[PDB]
Structures are given as structure tokens and as C-alpha cells.
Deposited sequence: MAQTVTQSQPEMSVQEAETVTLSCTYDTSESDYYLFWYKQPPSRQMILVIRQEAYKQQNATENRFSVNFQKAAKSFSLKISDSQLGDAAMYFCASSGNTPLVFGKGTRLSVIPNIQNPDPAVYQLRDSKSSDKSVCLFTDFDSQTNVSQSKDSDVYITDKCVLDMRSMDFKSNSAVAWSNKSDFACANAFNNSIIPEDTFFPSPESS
């Protein structure tokens, strides 16, 4: 009777806003521990927080906080002022008869706040070829749904946010290529911003 349920499998949060990741558990032994583990894309498991059963509900104003309802057997994880480094998979875990029982995880994605959107579709060309081409959709707002391809010979990657680490700059980016295809027609199955820049 040692379970860990993380029902919401995917979560989103706006950068600098607060998200709460849910967890409910069932146990038998009245002396247990509760954990939160972070797993970045590296697949490394890092312990975020750790609570003891018969101890208080903390009066803590840290960025990663816990809501411990022992009577409700709930164990929330709150993340304030979210950052793009927080985007990872989060596992809630129990510690009873079995030393560690994991929930099935929650993929948290942190949406970057793009305040200077310059939607544009650019054409790049190969360093050693400049005849095999790629089309770069970049600098669009974070609410833009870039969707996969329909042709069997055109490939469209999903959007990717990079952090230049200087000027607090961030930008979304999606790539498309096909040996056949033009950039002005690459992302026309995704809803493109009205002011998108086609040089």
C-alpha cells in the first residue's frame, strides 16, 4: 500500500510566474519520508526537497517550497519565479517498506517571456555546400504553435528557446529543411504571426 500518484503528467508555467506540481500518496507505516527529484534532459536525478512525516508544515519562503497535508496525504511542490533552468521532469517519491517508490513524473515546461518579438523566416546555406538549404523560423512570440510537417520529404523541428545569457535575451527557434521546397512556404501549415519578416 505504498503508492505515489502524479496525475498531471505535463505542466507549463510562464517565466517568473508560479507553478504548483501536485502529488498524493498512500502509505502503511506511520514513519515515512517524502521526496521531490528533478531530472533535467541529462537524465541525472537531483533531489530538490525532502520532508519527514511527523514534522511540521514549513514556514519557509524559499523558491522551492512544499505543501504538506499529512491528513490529506498530499505533498505539493511549489516553484516561485520560474526560470528556464527549471524546465525538467519532476518525480515525487515515497520512503516506506520500500526505500524509494517513484511517481510517474511531471514534465514542467517554462515558457520564455518574449517582449521584443521579431517573427522572421530566414534561409541559411551549408558551409561546405551552400546548395543544401535550411529555413529558420525565429524570434516569434512564445504562444506561436509551430506544427510538424505534412510532406514525407520535408522535416520540421519543434520550437527551441535559447538564452544568450547576455542582455537577458531569449529567442524561440524552429528549423525546417527538405532536399527537393522554399522558405516562404515552409511554415504555412503553422499559424504564422501577421508581421512575419520574409526578406
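**Q** Counting from 1 along the deposited sequence, what's missing?
**A** In the chain as deposited, 1, 182-183, 203-207 carry no coordinates.
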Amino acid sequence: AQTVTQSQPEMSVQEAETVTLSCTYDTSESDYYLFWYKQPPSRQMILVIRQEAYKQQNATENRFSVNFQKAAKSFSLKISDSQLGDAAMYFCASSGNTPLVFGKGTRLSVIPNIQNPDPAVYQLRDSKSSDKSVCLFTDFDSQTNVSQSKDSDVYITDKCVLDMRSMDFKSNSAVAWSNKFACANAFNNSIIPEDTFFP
From here on, numbers count along this sequence of modelled residues.
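**Q** Of 130-138 and 44-52, which one has the bigger average CA B-factor?
**A** Per the PDB entry, the higher value belongs to 130-138.
**Q** As stated in the PDB record, which stretch has the larger average Cα B-factor, 145-153 or 168-176?
**A** Looking at the recorded C-alpha B-factors, 145-153 comes out higher on average.
**Q** Can you tell me which of 24, 20, 190, 12 has the maximum CA B-factor listed in the PDB entry?
**A** That would be 190.
**Q** Lowest, middle or highest third of the chain for the C-alpha temperature factor of residue 105?
**A** It belongs to the lowest third of the chain when residues are ordered by C-alpha B-factor.
**Q** Which third, lowest, middle or highest, does the C-alpha temperature factor of residue 67 belong to within its own chain?
**A** Residue 67: CA B-factor falls in the middle third of its chain.
**Q** Mind checking which third residue 2 falls in for C-alpha B-factor across the chain?
**A** Middle third - that is where residue 2 ends up once the chain's C-alpha B-factors are sorted.
**Q** Taking the chain's C-alpha temperature factors as the reference, tell me which third residue 77 falls into: lowest, middle or highest.
**A** CA B-factor rank for residue 77: lowest third.
**Q** Residue 117: which third of its chain by C-alpha temperature factor?
**A** Tercile = highest for this residue's CA B-factor.
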